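Trainee: Here you go, run.pdb (PDB, C-alpha atoms and all ligand atoms):
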ATOM      1  CA  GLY J   1     109.681  58.978 149.469
ATOM      2  CA  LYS J   2     107.592  60.236 146.549
ATOM      3  CA  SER J   3     106.086  63.716 146.238
ATOM      4  CA  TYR J   4     104.054  63.727 143.080
ATOM      5  CA  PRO J   5     103.802  66.933 141.106
ATOM      6  CA  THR J   6     100.600  68.848 140.593
ATOM      7  CA  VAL J   7      99.048  68.633 137.175
ATOM      8  CA  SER J   8      96.049  70.623 135.932
ATOM      9  CA  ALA J   9      92.493  69.295 135.962
ATOM     10  CA  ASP J  10      92.648  69.184 132.192
ATOM     11  CA  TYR J  11      95.729  66.972 132.395
ATOM     12  CA  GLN J  12      93.966  64.666 134.838
ATOM     13  CA  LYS J  13      90.951  64.415 132.520
ATOM     14  CA  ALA J  14      93.208  63.444 129.647
ATOM     15  CA  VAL J  15      94.879  60.725 131.731
ATOM     16  CA  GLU J  16      91.476  59.194 132.502
ATOM     17  CA  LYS J  17      90.279  59.320 128.886
ATOM     18  CA  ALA J  18      93.607  57.983 127.626
ATOM     19  CA  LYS J  19      93.473  55.151 130.137
ATOM     20  CA  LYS J  20      90.138  54.017 128.720
ATOM     21  CA  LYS J  21      91.221  54.385 125.100
ATOM     22  CA  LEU J  22      94.392  52.426 125.859
ATOM     23  CA  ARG J  23      92.343  49.579 127.343
ATOM     24  CA  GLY J  24      90.293  49.225 124.173
ATOM     25  CA  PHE J  25      93.261  49.664 121.854
ATOM     26  CA  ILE J  26      95.632  47.309 123.639
ATOM     27  CA  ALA J  27      92.959  44.613 124.055
ATOM     28  CA  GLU J  28      91.961  44.792 120.409
ATOM     29  CA  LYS J  29      95.504  44.822 119.078
ATOM     30  CA  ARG J  30      96.627  41.981 121.349
ATOM     31  CA  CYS J  31      99.736  43.988 122.124
ATOM     32  CA  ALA J  32      99.731  44.066 125.924
ATOM     33  CA  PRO J  33     103.073  42.251 126.301
ATOM     34  CA  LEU J  34     104.810  44.572 123.861
ATOM     35  CA  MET J  35     103.341  47.600 125.619
ATOM     36  CA  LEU J  36     104.507  46.292 128.995
ATOM     37  CA  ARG J  37     107.982  45.711 127.507
ATOM     38  CA  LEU J  38     107.996  49.309 126.087
ATOM     39  CA  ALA J  39     107.196  50.762 129.558
ATOM     40  CA  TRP J  40     109.747  48.451 131.205
ATOM     41  CA  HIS J  41     112.544  49.257 128.736
ATOM     42  CA  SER J  42     111.631  52.924 129.105
ATOM     43  CA  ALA J  43     112.054  52.863 132.880
ATOM     44  CA  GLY J  44     114.786  50.269 133.156
ATOM     45  CA  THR J  45     117.539  52.572 132.014
ATOM     46  CA  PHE J  46     117.453  54.573 135.265
ATOM     47  CA  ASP J  47     120.744  54.883 137.089
ATOM     48  CA  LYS J  48     120.197  56.126 140.629
ATOM     49  CA  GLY J  49     123.753  57.386 141.221
ATOM     50  CA  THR J  50     123.652  59.808 138.281
ATOM     51  CA  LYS J  51     119.863  60.182 138.156
ATOM     52  CA  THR J  52     120.016  59.557 134.399
ATOM     53  CA  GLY J  53     117.674  57.522 132.232
ATOM     54  CA  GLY J  54     114.342  56.181 133.411
ATOM     55  CA  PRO J  55     110.764  56.657 132.309
ATOM     56  CA  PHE J  56     110.971  60.068 130.636
ATOM     57  CA  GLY J  57     109.758  59.431 127.125
ATOM     58  CA  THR J  58     113.163  59.047 125.464
ATOM     59  CA  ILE J  59     112.562  55.542 124.117
ATOM     60  CA  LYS J  60     110.558  56.928 121.195
ATOM     61  CA  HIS J  61     113.678  58.682 119.922
ATOM     62  CA  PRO J  62     115.130  56.781 116.966
ATOM     63  CA  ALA J  63     118.482  56.719 118.805
ATOM     64  CA  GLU J  64     117.170  54.795 121.830
ATOM     65  CA  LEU J  65     114.949  52.558 119.657
ATOM     66  CA  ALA J  66     118.091  51.610 117.895
ATOM     67  CA  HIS J  67     119.671  50.132 121.038
ATOM     68  CA  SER J  68     119.972  46.356 120.445
ATOM     69  CA  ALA J  69     118.057  45.530 123.609
ATOM     70  CA  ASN J  70     115.115  47.475 122.158
ATOM     71  CA  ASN J  71     114.657  45.384 118.974
ATOM     72  CA  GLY J  72     110.996  45.335 118.102
ATOM     73  CA  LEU J  73     109.965  48.253 120.352
ATOM     74  CA  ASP J  74     109.774  50.587 117.367
ATOM     75  CA  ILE J  75     106.594  48.617 116.629
ATOM     76  CA  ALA J  76     105.233  49.638 120.016
ATOM     77  CA  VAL J  77     106.026  53.289 119.508
ATOM     78  CA  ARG J  78     104.453  53.256 116.070
ATOM     79  CA  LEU J  79     101.337  51.495 117.251
ATOM     80  CA  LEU J  80     100.783  54.129 119.960
ATOM     81  CA  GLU J  81     101.486  57.245 117.968
ATOM     82  CA  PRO J  82      97.963  57.810 116.533
ATOM     83  CA  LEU J  83      96.400  57.479 119.965
ATOM     84  CA  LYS J  84      99.043  59.688 121.593
ATOM     85  CA  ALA J  85      98.154  62.320 119.048
ATOM     86  CA  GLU J  86      94.656  62.345 120.511
ATOM     87  CA  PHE J  87      96.186  63.407 123.834
ATOM     88  CA  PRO J  88      98.525  66.226 122.976
ATOM     89  CA  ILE J  89      98.503  67.482 126.588
ATOM     90  CA  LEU J  90     100.055  64.288 127.994
ATOM     91  CA  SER J  91     103.808  63.754 128.127
ATOM     92  CA  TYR J  92     105.057  60.730 126.186
ATOM     93  CA  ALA J  93     106.635  59.600 129.448
ATOM     94  CA  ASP J  94     103.271  59.469 131.194
ATOM     95  CA  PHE J  95     101.522  57.985 128.142
ATOM     96  CA  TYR J  96     103.942  55.061 127.830
ATOM     97  CA  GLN J  97     103.900  54.322 131.536
ATOM     98  CA  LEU J  98     100.069  54.503 131.497
ATOM     99  CA  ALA J  99     100.125  52.043 128.593
ATOM    100  CA  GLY J 100     102.246  49.658 130.654
ATOM    101  CA  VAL J 101      99.849  49.897 133.605
ATOM    102  CA  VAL J 102      96.916  49.276 131.292
ATOM    103  CA  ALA J 103      98.677  46.322 129.649
ATOM    104  CA  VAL J 104      98.834  44.615 133.038
ATOM    105  CA  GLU J 105      95.234  45.521 133.836
ATOM    106  CA  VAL J 106      93.605  44.379 130.612
ATOM    107  CA  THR J 107      95.351  40.981 130.759
ATOM    108  CA  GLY J 108      93.808  40.473 134.209
ATOM    109  CA  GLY J 109      96.702  41.592 136.419
ATOM    110  CA  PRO J 110      96.752  43.916 139.385
ATOM    111  CA  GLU J 111      95.754  47.492 139.247
ATOM    112  CA  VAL J 112      99.071  49.328 139.422
ATOM    113  CA  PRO J 113      98.653  52.798 140.896
ATOM    114  CA  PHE J 114      99.457  55.552 138.408
ATOM    115  CA  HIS J 115     100.507  59.153 139.111
ATOM    116  CA  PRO J 116     100.889  61.680 136.266
ATOM    117  CA  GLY J 117     103.477  64.405 135.844
ATOM    118  CA  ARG J 118     106.592  62.858 134.250
ATOM    119  CA  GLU J 119     108.315  65.367 132.034
ATOM    120  CA  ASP J 120     109.728  64.328 128.653
ATOM    121  CA  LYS J 121     113.535  64.623 128.788
ATOM    122  CA  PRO J 122     115.590  65.785 125.815
ATOM    123  CA  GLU J 123     118.268  63.081 125.659
ATOM    124  CA  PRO J 124     118.289  59.319 125.923
ATOM    125  CA  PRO J 125     120.531  57.475 128.370
ATOM    126  CA  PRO J 126     123.657  55.658 127.179
ATOM    127  CA  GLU J 127     123.047  52.250 125.652
ATOM    128  CA  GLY J 128     123.885  49.167 127.660
ATOM    129  CA  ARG J 129     121.909  49.426 130.917
ATOM    130  CA  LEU J 130     119.155  46.917 130.183
ATOM    131  CA  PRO J 131     119.619  43.356 131.514
ATOM    132  CA  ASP J 132     121.299  40.566 129.541
ATOM    133  CA  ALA J 133     119.206  37.390 129.273
ATOM    134  CA  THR J 134     122.302  35.211 129.167
ATOM    135  CA  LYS J 135     123.545  36.305 132.570
ATOM    136  CA  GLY J 136     122.591  35.470 136.138
ATOM    137  CA  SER J 137     121.804  36.743 139.597
ATOM    138  CA  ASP J 138     124.859  38.948 140.190
ATOM    139  CA  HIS J 139     124.080  40.724 136.914
ATOM    140  CA  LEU J 140     120.398  41.095 137.818
ATOM    141  CA  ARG J 141     121.390  42.746 141.070
ATOM    142  CA  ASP J 142     123.836  44.998 139.230
ATOM    143  CA  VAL J 143     121.093  46.239 136.937
ATOM    144  CA  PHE J 144     117.954  46.273 139.095
ATOM    145  CA  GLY J 145     119.788  46.930 142.385
ATOM    146  CA  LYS J 146     122.908  49.011 141.845
ATOM    147  CA  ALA J 147     121.601  51.012 138.898
ATOM    148  CA  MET J 148     117.835  51.172 139.235
ATOM    149  CA  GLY J 149     117.650  50.947 143.042
ATOM    150  CA  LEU J 150     115.022  48.196 143.255
ATOM    151  CA  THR J 151     114.966  45.345 145.751
ATOM    152  CA  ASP J 152     115.507  41.619 145.353
ATOM    153  CA  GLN J 153     111.819  41.127 145.876
ATOM    154  CA  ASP J 154     111.172  43.596 143.034
ATOM    155  CA  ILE J 155     113.523  41.661 140.760
ATOM    156  CA  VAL J 156     111.619  38.431 141.169
ATOM    157  CA  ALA J 157     108.150  40.007 141.017
ATOM    158  CA  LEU J 158     109.011  42.055 137.900
ATOM    159  CA  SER J 159     110.553  39.018 136.234
ATOM    160  CA  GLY J 160     106.987  37.658 136.454
ATOM    161  CA  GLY J 161     106.035  40.138 133.728
ATOM    162  CA  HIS J 162     107.202  37.341 131.452
ATOM    163  CA  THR J 163     103.886  35.681 132.321
ATOM    164  CA  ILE J 164     102.625  37.627 129.310
ATOM    165  CA  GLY J 165     104.207  37.631 125.894
ATOM    166  CA  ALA J 166     106.971  35.866 124.117
ATOM    167  CA  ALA J 167     110.438  36.191 122.734
ATOM    168  CA  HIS J 168     111.080  36.425 118.999
ATOM    169  CA  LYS J 169     114.120  35.028 117.194
ATOM    170  CA  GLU J 170     114.172  38.139 114.968
ATOM    171  CA  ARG J 171     114.171  40.450 117.977
ATOM    172  CA  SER J 172     116.304  39.098 120.823
ATOM    173  CA  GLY J 173     116.991  35.725 119.178
ATOM    174  CA  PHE J 174     115.191  33.757 121.890
ATOM    175  CA  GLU J 175     111.808  32.399 120.771
ATOM    176  CA  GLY J 176     108.480  31.528 122.281
ATOM    177  CA  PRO J 177     106.194  32.223 125.223
ATOM    178  CA  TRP J 178     107.029  31.552 128.860
ATOM    179  CA  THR J 179     103.462  30.369 129.477
ATOM    180  CA  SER J 180     100.579  28.462 127.926
ATOM    181  CA  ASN J 181      98.419  31.563 128.317
ATOM    182  CA  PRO J 182     100.643  34.459 127.203
ATOM    183  CA  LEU J 183      97.871  37.053 127.129
ATOM    184  CA  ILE J 184      96.756  36.278 130.663
ATOM    185  CA  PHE J 185      98.506  37.926 133.561
ATOM    186  CA  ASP J 186      98.852  35.203 136.241
ATOM    187  CA  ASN J 187     101.481  33.393 138.237
ATOM    188  CA  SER J 188     102.087  30.763 135.567
ATOM    189  CA  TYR J 189     105.562  32.123 134.769
ATOM    190  CA  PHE J 190     106.624  30.892 138.201
ATOM    191  CA  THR J 191     104.858  27.576 138.083
ATOM    192  CA  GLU J 192     106.477  26.871 134.676
ATOM    193  CA  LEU J 193     109.880  27.984 135.866
ATOM    194  CA  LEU J 194     109.606  25.478 138.715
ATOM    195  CA  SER J 195     108.351  22.546 136.666
ATOM    196  CA  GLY J 196     111.436  22.458 134.438
ATOM    197  CA  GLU J 197     111.558  23.029 130.684
ATOM    198  CA  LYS J 198     108.412  22.366 128.624
ATOM    199  CA  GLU J 199     108.260  21.669 124.919
ATOM    200  CA  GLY J 200     107.013  24.894 123.387
ATOM    201  CA  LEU J 201     107.806  27.128 126.415
ATOM    202  CA  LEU J 202     110.794  29.423 127.009
ATOM    203  CA  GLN J 203     113.125  29.952 129.917
ATOM    204  CA  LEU J 204     115.923  32.508 129.639
ATOM    205  CA  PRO J 205     119.130  31.956 131.612
ATOM    206  CA  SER J 206     118.078  35.074 133.545
ATOM    207  CA  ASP J 207     114.800  33.390 134.522
ATOM    208  CA  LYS J 208     116.654  30.250 135.559
ATOM    209  CA  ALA J 209     118.977  32.340 137.722
ATOM    210  CA  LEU J 210     116.014  32.977 139.969
ATOM    211  CA  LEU J 211     115.841  29.316 140.852
ATOM    212  CA  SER J 212     119.373  28.952 142.161
ATOM    213  CA  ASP J 213     119.746  32.104 144.195
ATOM    214  CA  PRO J 214     119.112  31.854 147.954
ATOM    215  CA  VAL J 215     117.079  35.090 148.131
ATOM    216  CA  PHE J 216     115.256  34.759 144.797
ATOM    217  CA  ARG J 217     114.171  31.139 145.102
ATOM    218  CA  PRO J 218     111.909  31.553 148.182
ATOM    219  CA  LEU J 219     110.152  34.343 146.287
ATOM    220  CA  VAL J 220     109.615  32.155 143.219
ATOM    221  CA  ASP J 221     108.162  29.540 145.520
ATOM    222  CA  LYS J 222     105.937  32.133 147.217
ATOM    223  CA  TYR J 223     104.600  33.446 143.922
ATOM    224  CA  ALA J 224     104.047  29.969 142.490
ATOM    225  CA  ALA J 225     101.985  29.076 145.504
ATOM    226  CA  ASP J 226     100.141  32.345 146.070
ATOM    227  CA  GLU J 227      99.075  34.367 143.043
ATOM    228  CA  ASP J 228      97.661  37.039 145.342
ATOM    229  CA  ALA J 229     101.061  37.573 146.929
ATOM    230  CA  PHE J 230     102.576  37.751 143.444
ATOM    231  CA  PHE J 231     100.013  40.336 142.408
ATOM    232  CA  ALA J 232     100.645  42.480 145.515
ATOM    233  CA  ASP J 233     104.417  42.394 145.118
ATOM    234  CA  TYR J 234     104.200  42.847 141.318
ATOM    235  CA  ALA J 235     102.011  45.940 141.705
ATOM    236  CA  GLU J 236     104.422  47.394 144.253
ATOM    237  CA  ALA J 237     107.419  46.808 141.993
ATOM    238  CA  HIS J 238     105.843  47.941 138.768
ATOM    239  CA  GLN J 239     104.756  51.167 140.405
ATOM    240  CA  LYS J 240     108.316  51.683 141.692
ATOM    241  CA  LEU J 241     109.843  50.938 138.286
ATOM    242  CA  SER J 242     107.420  53.274 136.497
ATOM    243  CA  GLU J 243     108.382  56.048 138.899
ATOM    244  CA  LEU J 244     112.175  55.704 138.982
ATOM    245  CA  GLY J 245     113.749  59.166 138.956
ATOM    246  CA  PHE J 246     110.251  60.659 139.136
ATOM    247  CA  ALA J 247     108.711  62.624 141.987
ATOM    248  CA  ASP J 248     111.634  61.897 144.290
TER     249      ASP J 248
HETATM  250  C1  LIG V   1     115.120  40.201 134.623
HETATM  251  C2  LIG V   1     115.681  40.524 133.593
HETATM  252  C3  LIG V   1     115.179  40.646 132.141
HETATM  253  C4  LIG V   1     115.664  40.044 131.054
HETATM  254  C5  LIG V   1     117.081  39.582 130.762
HETATM  255  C6  LIG V   1     114.640  40.023 130.048
HETATM  256  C7  LIG V   1     114.787  39.577 128.749
HETATM  257  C8  LIG V   1     113.759  39.517 127.812
HETATM  258  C9  LIG V   1     113.912  39.004 126.482
HETATM  259  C10 LIG V   1     115.248  38.528 125.907
HETATM  260  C11 LIG V   1     112.706  39.102 125.881
HETATM  261  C12 LIG V   1     112.305  38.709 124.464
HETATM  262  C13 LIG V   1     112.354  39.871 123.466
HETATM  263  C14 LIG V   1     111.937  39.353 122.099
HETATM  264  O1  LIG V   1     112.691  38.564 121.525
HETATM  265  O2  LIG V   1     110.841  39.742 121.635
HETATM  266  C15 LIG V   1     111.812  39.739 126.803
HETATM  267  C16 LIG V   1     110.492  40.061 126.579
HETATM  268  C17 LIG V   1     109.547  40.337 127.547
HETATM  269  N1  LIG V   1     109.915  40.941 128.738
HETATM  270 FE1  LIG V   1     111.664  40.713 129.698
HETATM  271  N2  LIG V   1     113.452  40.510 130.579
HETATM  272  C18 LIG V   1     113.780  40.917 131.868
HETATM  273  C19 LIG V   1     112.918  41.613 132.652
HETATM  274  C20 LIG V   1     111.656  42.052 132.355
HETATM  275  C21 LIG V   1     110.797  42.802 133.258
HETATM  276  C22 LIG V   1     111.375  43.562 134.426
HETATM  277  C23 LIG V   1     109.596  42.896 132.684
HETATM  278  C24 LIG V   1     108.553  43.999 132.916
HETATM  279  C25 LIG V   1     108.068  43.714 134.241
HETATM  280  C26 LIG V   1     109.704  42.296 131.373
HETATM  281  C27 LIG V   1     108.661  42.097 130.488
HETATM  282  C28 LIG V   1     108.739  41.398 129.300
HETATM  283  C29 LIG V   1     107.643  41.222 128.370
HETATM  284  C30 LIG V   1     106.177  41.491 128.750
HETATM  285  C31 LIG V   1     108.141  40.504 127.326
HETATM  286  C32 LIG V   1     107.371  39.930 126.117
HETATM  287  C33 LIG V   1     107.328  40.937 124.968
HETATM  288  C34 LIG V   1     106.534  40.445 123.763
HETATM  289  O3  LIG V   1     105.667  39.560 123.922
HETATM  290  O4  LIG V   1     106.805  40.975 122.660
HETATM  291  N3  LIG V   1     110.933  41.690 131.243
HETATM  292  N4  LIG V   1     112.466  39.972 128.011
HETATM  293  K     K V   2     100.345  33.720 131.640
END
How does the structure come out when it is put into structure tokens?

Mentor:
Amino acid sequence: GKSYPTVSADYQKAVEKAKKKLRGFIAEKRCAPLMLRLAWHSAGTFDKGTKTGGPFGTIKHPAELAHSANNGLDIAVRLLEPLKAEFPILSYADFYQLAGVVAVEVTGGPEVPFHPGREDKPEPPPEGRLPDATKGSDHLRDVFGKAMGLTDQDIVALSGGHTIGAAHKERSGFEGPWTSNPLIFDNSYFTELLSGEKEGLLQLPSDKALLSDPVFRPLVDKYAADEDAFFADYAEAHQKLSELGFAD
């Protein structure tokens, strides 16, 4: 159950103006995938049992940026700082999650509902909570299930965020896009994953894990066949992720 906090009218006005400015900025800079990854890596540190981590603005801290999993996200933070400065009333936590919602929207994805009121927290979570691309389904459930508190459906739908963007050998070490159209939010991640490896496209071991797991594979098949079902389940999961630890 979520009970969202009240924010002032002025705060609500700034969310709306920031949403529009983020559309223009993220479209022009071609940085939707990185902005989605910043929001995801922000939220994905939540541990439900201790209620630590999650989307509370800490990823901008040099000490969280310096986590190995977060290679390259300093770029994201830097790119957003001038625009954030235009919206002093907004928390960083809300601004980065709004950026992730807008990243999905401006690449043609679902409209993920957005609620303001996240407070910036003073201290980043311990390093080590983000998923490891070399591991498989048990590990995915450890991180998205046992720590974050998301469902198996959420795991597969959120994995579809790889439909935009690419890996970089100087960041993670992996290299290349998952899809032929890495600035378009669609179900291609799943149709690629099914079709086997393609010259010039990437699959992580963690993506492949989806194919061999009895619960994940029917969802991959669903999303490959029905982009609308993918969009519905993605929007549900992204909203949940963006709200972990918030408004509970
Ligand atoms: C399931 C487990 C996860 C693993 C192991 C994983 C791993 C990775 C890796 C290794 C990269 C490449 C980083 C680089 O070299 O630039 C990456 C990027 C990406 N990830 Fe994930 N990922 C996972 C889940 C997610 C989720 C939950 C989403 C958000 C819904 C997400 C969104 C993205 C985006 C959009 C990119 C591309 C970034 C860019 O183009 O710079 N990933 N991920
Ligand atoms: K795509």

Trainee: For residue J:54, which residue among J:97, J:172, J:70, J:187 is the nearest when counting only C-alpha atoms?

Mentor: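 Using only C-alpha atoms, the shortest distance to residue J:54 belongs to J:97.
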
Trainee: Neighbours of ligand K 2 (chain V) within 8 Å, counting all atoms listed in the file, as an MDAnalysis selection string?

Mentor: chainID J and resid 162:165 178:189

Trainee: Draw an axis-aligned box over all listed atoms of ligand LIG 1 (chain V), pad each side with 8 Å, and write its centre and edge lengths in Å, one decimal, as lines of an AutoDock Vina configuration file.

Mentor:
center_x = 111.4
center_y = 41.3
center_z = 128.1
size_x = 27.4
size_y = 21.5
size_z = 29.1

Trainee: Mind listing the residues within 8 Å of ligand LIG 1 (chain V), all atoms listed in the file counted, as a PyMOL selection string?

Mentor: chain J and resi 31-37+39-41+44+69+71-72+130-135+140+155-175+177+182+204-207+238

Trainee: In Å to one decimal, how far is atom CA of residue J:190 from atom CA of residue J:99?

Mentor: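 Separation between atom CA of residue J:99 and atom CA of residue J:190: 24.1 Å.
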
Trainee: Quick one: everything within 12 Å of residue J:240, counting all atoms listed in the file, minus sequence neighbours fewer than 3 positions away in the same chain. Send it as a ChimeraX atom specification.

Mentor: /J:1-2,40,43-44,46,54-55,97,101,112-115,144,148-151,153-155,157-158,233-237,243-248

Trainee: Given only C-alpha atoms as the basis, pick out the residue of J:200, J:192, J:62, J:26 nearest to residue J:225.

Mentor: J:192
